Amino acid sequence: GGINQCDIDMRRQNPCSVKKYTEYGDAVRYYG
Amino acid sequence: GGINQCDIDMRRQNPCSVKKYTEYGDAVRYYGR
Amino acid sequence: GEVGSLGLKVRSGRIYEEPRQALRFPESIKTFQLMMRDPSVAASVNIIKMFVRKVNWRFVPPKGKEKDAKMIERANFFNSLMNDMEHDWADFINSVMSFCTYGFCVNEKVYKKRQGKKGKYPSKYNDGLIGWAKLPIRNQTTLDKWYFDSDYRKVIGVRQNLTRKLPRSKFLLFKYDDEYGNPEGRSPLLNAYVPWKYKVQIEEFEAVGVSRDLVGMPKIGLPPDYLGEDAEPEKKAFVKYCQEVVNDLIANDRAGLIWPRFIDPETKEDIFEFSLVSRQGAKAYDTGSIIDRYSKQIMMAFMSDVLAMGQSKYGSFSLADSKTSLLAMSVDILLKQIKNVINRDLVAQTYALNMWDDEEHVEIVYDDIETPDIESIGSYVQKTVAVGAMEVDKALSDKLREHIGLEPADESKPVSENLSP
Amino acid sequence: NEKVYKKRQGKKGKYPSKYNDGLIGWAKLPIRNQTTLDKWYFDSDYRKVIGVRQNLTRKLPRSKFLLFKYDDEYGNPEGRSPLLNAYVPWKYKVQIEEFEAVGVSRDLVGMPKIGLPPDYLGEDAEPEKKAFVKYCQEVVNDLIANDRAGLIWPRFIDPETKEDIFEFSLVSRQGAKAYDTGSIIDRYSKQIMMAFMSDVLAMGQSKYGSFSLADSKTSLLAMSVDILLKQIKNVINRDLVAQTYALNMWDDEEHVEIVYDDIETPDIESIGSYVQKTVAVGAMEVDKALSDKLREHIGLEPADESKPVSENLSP
């Protein structure tokens, strides 16, 4: 699953995907 | 797993990884991560 | 006369008293910063500091002879000179409170000269008298070597390694729990190393454990043919869909699955399964109660159980009260210790250098952390003066009125009687 | 604590003073370290031999230092440290605690385990198999329980033996620890605190006790502190005070002793109640002594009759 950041960003570019409420990392990011 | 303090550092350099919130041997080092 | 000596370790000038390598000046400075990070340790040594910063200081004549005019005028000089310093008295105390984290705090005294605007270290008053300014200051990470004195007896001198080696009588040093007369003394963090080390690691194992709790994680089992690059486009499309299913599956309303199912006639087992990974055991030790034990032990070492338990109805922080808390009395010992360093240090230096050379000296005192319980005091006096015992005095009428927060009443203006009905 | 005397001699000496009378005094050590004393010199029949060295030599005489013994019963200079009757619970607690820490460290339940066929592991294995092993290594070293946690594993039930070859599972234990270490360690800690009679450290300040020696509710630990203070007082009296009294001349039969106040003031309300209920009937006679004792219980010093309180500034 979430073992590659480059994969992570690549999969975030997909527009036809569900938007989760909370995601890993959204606790120490200045801009959410 | 992680035993060789060596393999861990090599795997700590790979850019394509996940920024773990905490790993073993973290709170005994001043310069945290 | 001095047939003996205080030989502690005498290794290379550096004090090798503590047999643990980690807790020695080159590394003890490293460790104490680490130990201050834990809230339990940090709050324990922060409540003590708050108490010191809370009390006030006032210069007074000695225990007797409070009536002498010469002594009373000397106090007025000292009280005014205390506030004359470029850093307020409270600010000096805050620098002193590095006490708890390291066990000692050097402060190289700097003496301003003839009072009078002038310059160098400007100051109010122009009575051409000596005074204090600037450092204090100082940090514990700069002191490298402590200079000895022949037989190691009574050697209070150290450098500040560029280097600024200072002599014995130039600074004040505060000892926390001076036992063998070692300069570094003993920081209160010393007897809290073992709980802290145990607490931190077990906490760290817990956090990692939560992060690596993969129970319930979705696992998809495909035949090896599907997984690859030379697989047929239909198979490769299937693997791609499973990747999005893994990456996007949640527990929303429209959650569900339509999976292929084929029980192989051979082996009587299905080839595709979507299953949630399951564990067949439980963690041996309960980390939750383990950490709680150490937290109480850490607070026990600093005797700061009031942080956890909270303020009780039978405990108090007032020194003059008959029910002083254990922690509150600890600051008293610390407060008295500073008063003891006052003996040889600045006031004596100020007194002697300015000459005079009087047998009796002027001493500094401290007030109470909190006002004593008035209701007990009120019940005491009111119900014991009507019988006798107490002889009413200005001191009694002043302390009682000061407990409320007032000042000794002026007899010149009394309260009126025309209204008093 | 080797007594190091001193003479003012109008200052200008090795040990400066501030009172110009040319009288003998004390300075410097005391001090001294317990780990330096190597051998204790006896005296024939072993009766009353308080002398030891500090390793020409540095041997010290019997009457030059003070000895503060804890529980001297057989006249042994070292006395008996309170840690002696707390050694065993300490050792038990430290052992169990280390075992507990090691056990927590090696709690490998739930760690990922990957089962690969032997041909995958090796150097002559096909480059694809090496890539497979490398990705498995990355999974093992990086896999967490984030929100996109998941797995797509190859799987194949071999026709023979009816078992899968690729095996991904979490390591599981089928037992529980025999002894509950936490309760044991708590019991040993309670025993340790019992040995020093310092229950107030854990239990807290109880309403059936106090830290005032003069009170009737003095705690046990406070009583032990009282015993220690009495021992210190007696040692000081027979030792250095006597030496100063004799050596400095004068040579008066009656000596001056040192006294100590109370750790905490007694219950003020109780003292007040006692005085009120016993003096208004008579019994206790009011004198200067009570009038200063109660007033110093407040925290003051005997009232100065020179300045009484005004009458105008009153009712």
# chains A, B, ... in the order shown; residues from 1 in each chain; ligands from 1
>>> interface_residues(of="chain C", to="chain B", cutoff="9 Å", atoms="only C-alpha atoms", output="list in words")
residues 30, 31, 33, 34, 197, 200, 201, 204, 205, 207, 208 and 211 of chain C
>>> interface_residues(of="chain A", to="chain D", cutoff="7 Å", atoms="only C-alpha atoms", output="list in words")
residues 1, 2, 3, 23 and 24 of chain A
>>> interface_residues(of="chain A", to="chain B", cutoff="12 Å", atoms="only C-alpha atoms", output="number ranges by chain")
A: 1-9, 24-29
>>> write_last_selection(atoms="N, CA, C and O atoms", output="mmCIF file, in the first residue's frame")
data_model
loop_
_atom_site.group_PDB
_atom_site.id
_atom_site.type_symbol
_atom_site.label_atom_id
_atom_site.label_comp_id
_atom_site.auth_asym_id
_atom_site.auth_seq_id
_atom_site.Cartn_x
_atom_site.Cartn_y
_atom_site.Cartn_z
ATOM 1 N N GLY A 1 0.786 -1.217 0.000
ATOM 2 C CA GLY A 1 0.000 0.000 0.000
ATOM 3 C C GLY A 1 0.821 1.271 0.000
ATOM 4 O O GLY A 1 1.487 1.583 -0.992
ATOM 5 N N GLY A 2 0.782 2.015 1.101
ATOM 6 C CA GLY A 2 1.459 3.295 1.164
ATOM 7 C C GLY A 2 2.920 3.173 1.539
ATOM 8 O O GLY A 2 3.314 3.529 2.651
ATOM 9 N N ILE A 3 3.731 2.667 0.616
ATOM 10 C CA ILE A 3 5.145 2.442 0.869
ATOM 11 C C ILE A 3 6.026 3.236 -0.098
ATOM 12 O O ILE A 3 7.235 3.016 -0.150
ATOM 13 N N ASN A 4 5.443 4.162 -0.862
ATOM 14 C CA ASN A 4 6.219 4.907 -1.852
ATOM 15 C C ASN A 4 5.544 6.271 -2.008
ATOM 16 O O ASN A 4 4.397 6.348 -2.456
ATOM 17 N N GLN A 5 6.267 7.331 -1.636
ATOM 18 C CA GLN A 5 5.719 8.681 -1.733
ATOM 19 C C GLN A 5 5.485 9.091 -3.180
ATOM 20 O O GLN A 5 4.482 9.742 -3.493
ATOM 21 N N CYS A 6 6.408 8.741 -4.077
ATOM 22 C CA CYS A 6 6.243 9.089 -5.484
ATOM 23 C C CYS A 6 4.990 8.438 -6.057
ATOM 24 O O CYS A 6 4.268 9.043 -6.857
ATOM 25 N N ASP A 7 4.725 7.198 -5.654
ATOM 26 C CA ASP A 7 3.490 6.514 -6.010
ATOM 27 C C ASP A 7 2.318 7.263 -5.388
ATOM 28 O O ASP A 7 1.270 7.429 -6.022
ATOM 29 N N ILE A 8 2.495 7.731 -4.154
ATOM 30 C CA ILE A 8 1.439 8.400 -3.402
ATOM 31 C C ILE A 8 0.993 9.648 -4.154
ATOM 32 O O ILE A 8 -0.206 9.869 -4.357
ATOM 33 N N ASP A 9 1.955 10.470 -4.575
ATOM 34 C CA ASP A 9 1.648 11.702 -5.291
ATOM 35 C C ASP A 9 1.027 11.408 -6.648
ATOM 36 O O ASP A 9 0.102 12.105 -7.076
ATOM 37 N N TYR A 24 -3.066 9.925 6.011
ATOM 38 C CA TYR A 24 -1.767 9.888 6.666
ATOM 39 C C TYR A 24 -0.962 11.133 6.329
ATOM 40 O O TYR A 24 -0.845 11.517 5.164
ATOM 41 N N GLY A 25 -0.408 11.764 7.358
ATOM 42 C CA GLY A 25 0.439 12.916 7.144
ATOM 43 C C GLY A 25 -0.266 14.229 7.400
ATOM 44 O O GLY A 25 0.384 15.262 7.582
ATOM 45 N N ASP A 26 -1.598 14.208 7.421
ATOM 46 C CA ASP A 26 -2.354 15.432 7.655
ATOM 47 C C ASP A 26 -2.434 15.739 9.143
ATOM 48 O O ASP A 26 -3.521 15.964 9.684
ATOM 49 N N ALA A 27 -1.281 15.749 9.809
ATOM 50 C CA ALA A 27 -1.194 16.155 11.203
ATOM 51 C C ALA A 27 0.023 17.047 11.402
ATOM 52 O O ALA A 27 0.112 17.777 12.394
ATOM 53 N N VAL A 28 0.963 16.993 10.462
ATOM 54 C CA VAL A 28 2.197 17.760 10.536
ATOM 55 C C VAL A 28 2.437 18.559 9.257
ATOM 56 O O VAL A 28 3.564 18.941 8.968
ATOM 57 N N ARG A 29 1.387 18.812 8.481
ATOM 58 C CA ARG A 29 1.494 19.577 7.242
ATOM 59 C C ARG A 29 0.906 20.964 7.496
ATOM 60 O O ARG A 29 -0.190 21.100 8.044
#
>>> interface_residues(of="chain A", to="chain C", cutoff="9 Å", atoms="only C-alpha atoms", output="ChimeraX atom specification")
/A:1-2,11,17-20
>>> write_last_selection(atoms="C-alpha atoms", output="mmCIF file, in the first residue's frame")
data_model
loop_
_atom_site.group_PDB
_atom_site.id
_atom_site.type_symbol
_atom_site.label_atom_id
_atom_site.label_comp_id
_atom_site.auth_asym_id
_atom_site.auth_seq_id
_atom_site.Cartn_x
_atom_site.Cartn_y
_atom_site.Cartn_z
ATOM 1 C CA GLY A 1 0.000 0.000 0.000
ATOM 2 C CA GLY A 2 1.459 3.295 1.164
ATOM 3 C CA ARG A 11 -2.199 8.474 -7.338
ATOM 4 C CA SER A 17 -11.283 9.158 -7.146
ATOM 5 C CA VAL A 18 -12.977 9.433 -3.774
ATOM 6 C CA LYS A 19 -11.818 12.136 -1.346
ATOM 7 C CA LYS A 20 -11.093 10.767 2.114
#
>>> atom_distance(atom1="CA of residue 5 in chain D", atom2="CA of residue 23 in chain D")
10.4 Å
>>> closest_atom_pairs(of="chain D", to="chain C", cutoff="7 Å", atoms="only C-alpha atoms", output="CSV")
residue,atom,partner,partner_atom,distance
D:4,CA,C:1,CA,5.8
D:18,CA,C:359,CA,5.8
D:19,CA,C:359,CA,6.1
D:31,CA,C:180,CA,6.8
D:32,CA,C:6,CA,5.5
D:33,CA,C:180,CA,6.2
D:54,CA,C:4,CA,6.5
D:58,CA,C:3,CA,6.2
D:60,CA,C:3,CA,6.7
D:104,CA,C:285,CA,6.4
D:107,CA,C:284,CA,6.8
D:109,CA,C:283,CA,6.2
D:110,CA,C:279,CA,6.5
D:144,CA,C:212,CA,5.2
D:145,CA,C:211,CA,5.5
D:148,CA,C:247,CA,4.7
D:149,CA,C:217,CA,6.2
D:150,CA,C:218,CA,4.8
D:151,CA,C:219,CA,4.7
D:152,CA,C:220,CA,4.7
D:153,CA,C:221,CA,5.1
D:154,CA,C:222,CA,5.0
D:155,CA,C:223,CA,5.2
D:156,CA,C:223,CA,5.8
D:157,CA,C:267,CA,7.0
D:159,CA,C:267,CA,5.7
D:162,CA,C:267,CA,5.2
D:170,CA,C:279,CA,5.8
D:172,CA,C:281,CA,4.9
D:173,CA,C:281,CA,5.1
D:174,CA,C:281,CA,6.1
D:176,CA,C:284,CA,6.3
D:177,CA,C:284,CA,6.4
D:201,CA,C:300,CA,6.8
D:264,CA,C:322,CA,6.0
D:265,CA,C:322,CA,5.1
D:266,CA,C:322,CA,5.9
D:267,CA,C:322,CA,5.9
D:268,CA,C:380,CA,6.9
D:269,CA,C:380,CA,6.0
D:272,CA,C:380,CA,5.7
D:276,CA,C:384,CA,6.0
D:279,CA,C:387,CA,7.0
D:280,CA,C:387,CA,6.0
D:286,CA,C:389,CA,6.1
D:290,CA,C:389,CA,6.2
D:291,CA,C:389,CA,4.9
D:295,CA,C:390,CA,6.8
D:303,CA,C:393,CA,5.8
D:304,CA,C:393,CA,6.8
D:307,CA,C:394,CA,6.5
D:308,CA,C:393,CA,5.0
D:309,CA,C:394,CA,5.2
D:313,CA,C:414,CA,5.8
>>> write_last_selection(atoms="C-alpha atoms", output="PDB file, in the first residue's frame")
ATOM      1  CA  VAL D   4      40.307  21.680  61.476  1.00  0.00           C
ATOM      2  CA  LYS D  18      35.850  38.362  61.317  1.00  0.00           C
ATOM      3  CA  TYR D  19      35.802  38.503  65.140  1.00  0.00           C
ATOM      4  CA  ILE D  31      33.990  17.299  54.751  1.00  0.00           C
ATOM      5  CA  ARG D  32      35.829  13.971  54.019  1.00  0.00           C
ATOM      6  CA  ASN D  33      34.819  10.978  51.878  1.00  0.00           C
ATOM      7  CA  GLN D  54      42.515   8.064  54.530  1.00  0.00           C
ATOM      8  CA  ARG D  58      47.744  10.149  56.005  1.00  0.00           C
ATOM      9  CA  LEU D  60      44.285  10.300  61.348  1.00  0.00           C
ATOM     10  CA  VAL D 104       8.473  -5.905  26.073  1.00  0.00           C
ATOM     11  CA  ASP D 107       7.285  -8.956  21.943  1.00  0.00           C
ATOM     12  CA  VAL D 109       3.580 -10.830  18.108  1.00  0.00           C
ATOM     13  CA  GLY D 110       2.001  -9.308  15.019  1.00  0.00           C
ATOM     14  CA  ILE D 144       2.618   0.686   8.143  1.00  0.00           C
ATOM     15  CA  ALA D 145      -1.092   0.916   9.014  1.00  0.00           C
ATOM     16  CA  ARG D 148      -4.081   3.069   1.891  1.00  0.00           C
ATOM     17  CA  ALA D 149      -2.735   0.001   3.687  1.00  0.00           C
ATOM     18  CA  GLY D 150      -3.280  -3.107   1.605  1.00  0.00           C
ATOM     19  CA  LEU D 151      -1.625  -5.968  -0.205  1.00  0.00           C
ATOM     20  CA  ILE D 152      -1.697  -7.713  -3.588  1.00  0.00           C
ATOM     21  CA  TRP D 153       0.103 -10.971  -3.054  1.00  0.00           C
ATOM     22  CA  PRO D 154       0.692 -13.762  -5.554  1.00  0.00           C
ATOM     23  CA  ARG D 155      -0.752 -17.058  -4.385  1.00  0.00           C
ATOM     24  CA  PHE D 156      -0.877 -20.626  -5.701  1.00  0.00           C
ATOM     25  CA  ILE D 157      -2.251 -23.707  -3.957  1.00  0.00           C
ATOM     26  CA  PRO D 159      -1.738 -29.462  -6.429  1.00  0.00           C
ATOM     27  CA  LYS D 162      -2.801 -28.809  -0.786  1.00  0.00           C
ATOM     28  CA  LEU D 170       1.328 -11.981  11.130  1.00  0.00           C
ATOM     29  CA  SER D 172       1.063 -15.157  16.417  1.00  0.00           C
ATOM     30  CA  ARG D 173       1.676 -16.504  19.917  1.00  0.00           C
ATOM     31  CA  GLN D 174      -0.515 -19.215  21.434  1.00  0.00           C
ATOM     32  CA  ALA D 176       0.198 -15.877  27.827  1.00  0.00           C
ATOM     33  CA  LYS D 177       2.867 -14.796  30.291  1.00  0.00           C
ATOM     34  CA  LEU D 201       5.652   9.152  49.611  1.00  0.00           C
ATOM     35  CA  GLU D 264       7.013  21.693  61.155  1.00  0.00           C
ATOM     36  CA  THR D 265       4.933  23.669  63.604  1.00  0.00           C
ATOM     37  CA  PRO D 266       2.280  21.584  65.406  1.00  0.00           C
ATOM     38  CA  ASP D 267      -1.426  21.906  64.710  1.00  0.00           C
ATOM     39  CA  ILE D 268      -2.044  25.535  65.690  1.00  0.00           C
ATOM     40  CA  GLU D 269      -5.766  24.977  66.270  1.00  0.00           C
ATOM     41  CA  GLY D 272      -5.073  26.982  70.860  1.00  0.00           C
ATOM     42  CA  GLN D 276      -8.109  27.951  75.964  1.00  0.00           C
ATOM     43  CA  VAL D 279      -6.160  28.211  81.293  1.00  0.00           C
ATOM     44  CA  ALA D 280      -9.671  29.692  81.623  1.00  0.00           C
ATOM     45  CA  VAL D 286       0.208  32.020  82.125  1.00  0.00           C
ATOM     46  CA  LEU D 290       3.806  30.409  76.975  1.00  0.00           C
ATOM     47  CA  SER D 291       3.494  33.949  75.619  1.00  0.00           C
ATOM     48  CA  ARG D 295       3.954  33.670  69.458  1.00  0.00           C
ATOM     49  CA  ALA D 303       6.645  40.859  72.040  1.00  0.00           C
ATOM     50  CA  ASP D 304       8.399  44.200  72.541  1.00  0.00           C
ATOM     51  CA  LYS D 307       5.901  49.387  71.400  1.00  0.00           C
ATOM     52  CA  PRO D 308       2.415  48.095  72.359  1.00  0.00           C
ATOM     53  CA  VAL D 309      -0.552  48.430  69.954  1.00  0.00           C
ATOM     54  CA  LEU D 313      -6.568  52.390  66.135  1.00  0.00           C
TER      55      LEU D 313
END
>>> atom_distance(atom1="CA of residue 251 in chain C", atom2="CA of residue 113 in chain D")
27.0 Å
>>> residues_around(residues="residue 64 in chain D", least_positions_apart="6", cutoff="9 Å", atoms="only C-alpha atoms", output="mmCIF file with N, CA, C and O atoms, in the first residue's frame")
data_model
loop_
_atom_site.group_PDB
_atom_site.id
_atom_site.type_symbol
_atom_site.label_atom_id
_atom_site.label_comp_id
_atom_site.auth_asym_id
_atom_site.auth_seq_id
_atom_site.Cartn_x
_atom_site.Cartn_y
_atom_site.Cartn_z
ATOM 1 N N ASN D 1 34.649 13.316 59.686
ATOM 2 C CA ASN D 1 34.755 14.769 59.541
ATOM 3 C C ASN D 1 35.899 15.233 60.445
ATOM 4 O O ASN D 1 35.713 15.418 61.649
ATOM 5 N N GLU D 2 37.075 15.429 59.851
ATOM 6 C CA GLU D 2 38.232 15.831 60.642
ATOM 7 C C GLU D 2 38.122 17.303 61.018
ATOM 8 O O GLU D 2 38.062 18.174 60.147
ATOM 9 N N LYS D 3 38.075 17.577 62.319
ATOM 10 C CA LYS D 3 37.985 18.948 62.795
ATOM 11 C C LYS D 3 39.283 19.685 62.496
ATOM 12 O O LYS D 3 40.374 19.135 62.675
ATOM 13 N N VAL D 4 39.133 20.834 61.831
ATOM 14 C CA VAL D 4 40.307 21.680 61.476
ATOM 15 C C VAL D 4 40.095 22.988 62.235
ATOM 16 O O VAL D 4 39.216 23.774 61.828
ATOM 17 N N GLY D 51 39.690 4.947 65.007
ATOM 18 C CA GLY D 51 40.749 5.553 64.224
ATOM 19 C C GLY D 51 40.975 4.789 62.939
ATOM 20 O O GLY D 51 40.911 3.556 62.897
ATOM 21 N N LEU D 240 33.357 17.572 69.177
ATOM 22 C CA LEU D 240 33.941 18.901 69.000
ATOM 23 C C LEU D 240 33.592 19.975 70.027
ATOM 24 O O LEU D 240 34.461 20.787 70.356
#
>>> select_by_dssp(residues="range 109-181 of chain C", states="strand (DSSP E)", output="number ranges by chain")
C: 111-112, 131-132, 146-147, 157-158, 171-172
>>> select_by_dssp(residues="range 23-228 of chain C", states="alpha helix (DSSP H)", output="MDAnalysis selection string")
chainID C and resid 25:35 39:54 69:84 89:96 99:102 193:211
>>> write_last_selection(atoms="C-alpha atoms", output="tab-separated table (two decimals), in the first residue's frame")
chain	number	residue	atom	x	y	z
C	25	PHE	CA	30.12	16.68	32.31
C	26	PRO	CA	30.99	16.00	28.63
C	27	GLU	CA	27.89	13.80	28.21
C	28	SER	CA	25.73	14.65	31.25
C	29	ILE	CA	24.99	17.96	29.53
C	30	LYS	CA	23.79	15.93	26.56
C	31	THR	CA	21.62	13.65	28.70
C	32	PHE	CA	19.91	16.32	30.82
C	33	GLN	CA	18.61	18.02	27.67
C	34	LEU	CA	17.11	14.70	26.60
C	35	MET	CA	15.49	14.07	29.98
C	39	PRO	CA	6.51	16.11	30.14
C	40	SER	CA	6.62	14.14	33.39
C	41	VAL	CA	10.23	15.16	34.09
C	42	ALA	CA	9.75	18.64	32.62
C	43	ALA	CA	6.68	19.45	34.71
C	44	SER	CA	8.38	18.02	37.80
C	45	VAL	CA	11.33	20.43	37.57
C	46	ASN	CA	9.15	23.30	36.33
C	47	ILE	CA	6.84	23.48	39.35
C	48	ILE	CA	9.91	23.86	41.57
C	49	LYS	CA	11.23	26.71	39.42
C	50	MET	CA	7.84	28.47	39.52
C	51	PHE	CA	7.96	28.57	43.32
C	52	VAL	CA	11.37	30.27	43.41
C	53	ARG	CA	10.38	32.88	40.82
C	54	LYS	CA	7.27	33.52	42.93
C	69	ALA	CA	19.84	53.12	62.84
C	70	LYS	CA	23.18	52.35	61.20
C	71	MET	CA	22.00	48.86	60.25
C	72	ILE	CA	18.59	50.09	59.09
C	73	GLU	CA	20.20	52.61	56.73
C	74	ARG	CA	22.49	49.89	55.35
C	75	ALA	CA	19.44	47.83	54.35
C	76	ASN	CA	17.99	50.80	52.45
C	77	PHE	CA	21.26	51.02	50.52
C	78	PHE	CA	21.18	47.31	49.69
C	79	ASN	CA	17.50	47.19	48.75
C	80	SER	CA	17.93	50.13	46.37
C	81	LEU	CA	21.15	48.64	44.99
C	82	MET	CA	19.36	45.34	44.35
C	83	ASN	CA	17.00	47.03	41.88
C	84	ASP	CA	19.80	49.23	40.50
C	89	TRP	CA	16.44	40.65	40.76
C	90	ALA	CA	13.76	38.30	39.41
C	91	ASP	CA	15.67	37.96	36.13
C	92	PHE	CA	18.76	36.88	38.07
C	93	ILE	CA	16.70	34.22	39.83
C	94	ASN	CA	15.47	32.95	36.46
C	95	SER	CA	19.09	32.52	35.37
C	96	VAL	CA	19.83	30.80	38.68
C	99	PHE	CA	20.04	25.02	39.06
C	100	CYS	CA	17.63	22.10	38.73
C	101	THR	CA	18.55	21.01	35.21
C	102	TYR	CA	22.31	20.77	35.83
C	193	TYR	CA	17.47	8.45	35.09
C	194	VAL	CA	16.32	4.83	35.50
C	195	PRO	CA	12.53	5.50	35.39
C	196	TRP	CA	12.91	7.92	32.49
C	197	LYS	CA	14.96	5.53	30.37
C	198	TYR	CA	12.46	2.73	30.99
C	199	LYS	CA	9.44	5.00	30.43
C	200	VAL	CA	10.69	6.50	27.16
C	201	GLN	CA	11.59	3.23	25.43
C	202	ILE	CA	8.36	1.47	26.39
C	203	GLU	CA	6.42	4.50	25.19
C	204	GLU	CA	8.38	4.34	21.94
C	205	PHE	CA	7.59	0.64	21.53
C	206	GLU	CA	3.90	1.47	21.98
C	207	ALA	CA	3.85	4.13	19.25
C	208	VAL	CA	5.65	1.83	16.79
C	209	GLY	CA	3.29	-0.97	17.79
C	210	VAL	CA	0.21	1.06	16.90
C	211	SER	CA	1.75	2.07	13.57
